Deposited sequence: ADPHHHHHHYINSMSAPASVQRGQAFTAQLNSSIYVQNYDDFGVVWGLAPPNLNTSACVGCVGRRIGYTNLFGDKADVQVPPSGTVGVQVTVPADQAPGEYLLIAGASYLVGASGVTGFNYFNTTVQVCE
């Protein structure tokens, strides 16, 4: 229990209804750290997280994690629903976690721009 997800990547373009792979990177940490899961969201590219605290957009997946390489890469399956309108979006990964002796829990967010094609 001493590694955390530190970043997320994904293809620049995806086809709706067709699964693709998102990559999650991890690194070692001194404090105890638990990655519980990752919610996958598809958001408008203009999303304002200050006005919409915690927002990830439309939920398109959830990955339970609680396997994961402590200091490397893991691939995760993600699908944009077939009915999604084409265009530019933000793909948002919301990683739930616990850290430390006090058990601080929360979400870390990672995003990338993706083009959703028919």
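What the model leaves out of the deposited chain are the segments 1 to 6, 73 to 78.
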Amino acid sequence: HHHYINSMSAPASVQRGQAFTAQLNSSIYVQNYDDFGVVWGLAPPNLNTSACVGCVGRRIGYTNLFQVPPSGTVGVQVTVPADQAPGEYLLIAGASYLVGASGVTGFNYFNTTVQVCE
From here on, numbers count along this sequence of modelled residues.
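The PDB entry records a higher mean C-alpha B factor for 69 to 77 than for its counterpart among 32 to 40 and 69 to 77. The stretch with the higher mean CA B factor, choosing between 53 to 61 and 79 to 87, is 79 to 87. Residue-level inspection of the entry shows that, of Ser13, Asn108, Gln18, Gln23, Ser13 has the top Cα B-factor.
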